[PDB]
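Every number for a ligand or one of its atoms is a count from 1 in the order of the listing. These values consider heavy atoms only, across backbone and side chains, with no hydrogens, waters or symmetry-generated copies. A, B, ... follow the sequence lines: proteins, then strands. Residue 1 opens every chain.
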Protein chains: 2
Amino acid sequence: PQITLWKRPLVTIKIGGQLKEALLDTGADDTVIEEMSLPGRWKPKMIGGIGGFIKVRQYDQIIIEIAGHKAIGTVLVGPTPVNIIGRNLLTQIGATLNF
Amino acid sequence: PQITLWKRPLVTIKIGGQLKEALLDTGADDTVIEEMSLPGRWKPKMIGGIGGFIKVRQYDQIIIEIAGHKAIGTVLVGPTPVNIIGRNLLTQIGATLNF
Ligand SMILES: CC(C)CN(C[C@@H](O)[C@H](Cc1ccccc1)NC(=O)O[C@H]1CO[C@H]2OCC[C@H]21)S(=O)(=O)c1ccc(N)cc1
Ligand SMILES: [Cl-]
Ligand SMILES: [Cl-]
Ligand code: NA
């Protein structure tokens with residue numbers, strides 16, 4: 001698709017068999033989702049955003065569908081205000097910015 | 001251009017007579033620039049992201065040149081860690097996300 005930006009670029013994602021809404025976020029290096037259970041081990045990570053830094057749980061090699069496109073990669077879990085799809089998975093679904 | 005997302009989508013902007021580097025950020029509703037002076041009136045605002053909120057100054061009807069394309073709109077000024085071009089100005093330069 002070609003998504004304009006007059007509204008937030010929200011899409012449906014599917015992770016752990018559950019549908020969620022997430023924001024396609026070219027300003028995010030990494031994908032960060034609200035608290036949920038994921039399989040396997042996690043590693044610590046700190047990410048910094050507009051109000052400061054937060055701790056998240058880093059899960060690698062997680063299967064996630066984004067707007068109908070399959071991705072398998074790193075998902076950070078923590079107190080993000082909205083689910084955000086960052087560049088690590090936007091590249092997997094072939095997304096580009098165009099103007 | 002077409003900008004891939006392997007790296008942060010940074011561009012040069014011109015604002016208030018100054019050249020700055022900024023991030024093309026589809027996850028940002030509004031444009032937020034590090035501290036600088038701008039002409040005219042402003043009003044205080046709080047904006048929130050990962051990490052919490054910051055206080056900014058809201059200036060309306062500001063012209064910015066973004067990668068060579070002129071746009072006008074609201075610019076928030078305050079202690080953001082990165083200059084961000086948000087959707088309010090991305091729309092004006094015809095930016096889309098494509099996959
Ligand atoms: C979290 C989003 C809903 C909103 N943010 C835009 C987002 O693109 C920020 C934009 C951003 C970018 C760098 C630093 C601070 C904020 N990215 C971000 O927090 O990404 C974090 C996850 O990946 C990491 O890579 C970047 C920092 C980490 S925001 O910076 O909080 C913000 C909120 C409101 C406005 N008007 C403008 C920006
Ligand atoms: Cl605006
Ligand atoms: Cl349009
Ligand atoms: Na003004």
Side-chain angles (χ1 to χ4, degrees), chain A residues 1-11 21-34 45-58 73-91 95 97-99, chain B residues 5-11 15 21-34 38 40 42-64 66 69-98:
Chain A
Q2 170 168 100
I3 301 174
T4 60
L5 296 167
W6 305 99
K7 296 193 302 177
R8 290 171 180 156
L10 299 168
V11 299
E21 293 271 30
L23 181 68
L24 304 180
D25 191 351
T26 61
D29 298 340
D30 334 296
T31 292
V32 193
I33 69 172
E34 299 163 15
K45 181 157 176 86
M46 281 191 72
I47 59 178
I50 202 69
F53 279 81
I54 65 170
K55 299 188 165 219
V56 298
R57 304 198 300 287
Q58 176 174 332
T74 297
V75 173
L76 311 179
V77 179
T80 176
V82 71
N83 299 320
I84 61 186
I85 308 304
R87 293 187 298 94
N88 80 124
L89 303 183
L90 296 170
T91 56
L97 279 165
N98 292 260
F99 58 94
Chain B
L5 295 171
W6 297 119
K7 293 257 150 58
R8 292 189 175 187
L10 295 169
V11 295
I15 181 177
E21 176 188 88
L23 183 66
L24 300 184
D25 189 352
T26 60
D29 295 341
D30 283 303
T31 297
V32 193
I33 304 298
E34 62 201 353
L38 290 173
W42 65 269
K43 63 188 153 182
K45 189 181 176 71
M46 292 279 186
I47 58 166
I50 263 164
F53 282 78
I54 63 169
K55 183 176 176 188
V56 297
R57 297 189 310 283
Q58 178 184 329
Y59 295 85
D60 297 322
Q61 302 166 341
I62 300 297
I63 301 160
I64 298 189
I66 301 158
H69 294 71
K70 165 212 159 288
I72 184 168
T74 295
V75 175
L76 310 180
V77 177
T80 178
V82 174
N83 299 320
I84 292 158
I85 302 310
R87 294 188 297 98
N88 78 126
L89 297 178
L90 299 170
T91 58
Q92 301 295 288
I93 73 170
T96 62
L97 279 163
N98 291 263

Task: Protein heavy atom at shortest distance from atom 11 (C) of ligand 1 - done: B:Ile84 CD1, 4.0 Å
Open item on the list: Donor-acceptor check, side chain of A:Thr31 to backbone of A:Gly86, threshold 3.5 angstrom: yes or no?
Closed with: yes
Task: Main-chain N/O of A:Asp30 paired to A:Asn88 side chain as donor or acceptor, under 3.5 Å - done: no
- [ ] For ligand 1, find out whether one of its N or O atoms is nearer than 3.5 Å to an N or O atom of B:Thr31.
- [x] no
Task: Top protein contact for atom 31 (O) of ligand 1, by heavy-atom distance - done: B:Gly49 CA, 2.9 Å
Task: Parallel, tilted or perpendicular: ring planes of B:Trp42 versus B:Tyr59, cut at 30 and 60 degrees - done: tilted
TODO: Answer side chain, backbone, both or neither: which part of B:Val82 comes under 4.0 Å from ligand 1, heavy atoms only.
DONE: side chain
Open item on the list: Would A:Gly27 count as being in polar contact with ligand 1, using the rule that some N or O on each side must be under 3.5 angstrom apart?
Closed with: yes
- [ ] Could you see which bit of B:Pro81 sits under 4.0 Å from ligand 1, with heavy atoms only: side chain, backbone, both or neither?
- [x] side chain
Open item on the list: Quick test: of every protein heavy atom, which one is nearest to atom 24 (C) of ligand 1, and how far off is it to 0.1 Å?
Closed with: A:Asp29 N, 3.6 Å
Open item on the list: List ligand 1 atoms under 4.0 Å from B:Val32, heavy atoms only on the residue side.
Closed with: 35 (C), 36 (N), 37 (C)
TODO: State whether the number of non-hydrogen atoms from other residues, nucleotides or ligands found under 6.0 Å of A:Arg8 atom CZ is greater than 12.
DONE: no
Task: Working for side chain to side chain contact (heavy atoms under 4.5 Å, CB included), residues B:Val77 and B:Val56 - done: CA-CA 5 Å; B:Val77 177; B:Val56 297; 5.9 Å; no
- [ ] Would you mind telling me if ligand 1 is within reach of the side chain of B:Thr80, the backbone, both or neither, using heavy atoms under 4.0 Å?
- [x] neither
Task: atom 29 (S) of ligand 1: nearest protein contact (heavy atom, Å) - done: A:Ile50 CB, 3.9 Å
Task: Polar side chain donor-acceptor pair, B:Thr74 to B:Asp60, under 3.5 angstrom - done: yes
TODO: With the side chain counted from C-beta on, respond yes when A:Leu10 and A:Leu23 share a heavy-atom pair under 4.5 Å apart, and no when they do not.
DONE: yes
TODO: Please write down residue, atom name and distance for the protein heavy atom closest to atom 9 (C) of ligand 1.
DONE: B:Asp25 OD2, 3.8 Å
TODO: Give a yes or no on whether the backbone of A:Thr26 and the side-chain of B:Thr26 come within a donor-acceptor separation of less than 3.5 Å.
DONE: yes
Task: Heavy-atom proximity to atom 21 (C) of ligand 1, best of A:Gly86, B:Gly52, A:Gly48 - done: A:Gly48
Open item on the list: Which of the numbered atoms in ligand 1 are under 4.0 angstrom from any heavy atom belonging to B:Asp30?
Closed with: 35 (C), 36 (N), 37 (C)
- [ ] Examine distances only and state if a side-chain atom of A:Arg87 and a backbone atom of B:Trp6 form a donor-acceptor pair shorter than 3.5 Å.
- [x] yes
TODO: Give the atoms of ligand 1, by number and element, whose distance to some non-hydrogen atom of B:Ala28 is under 4.0 Å.
DONE: 37 (C), 38 (C)
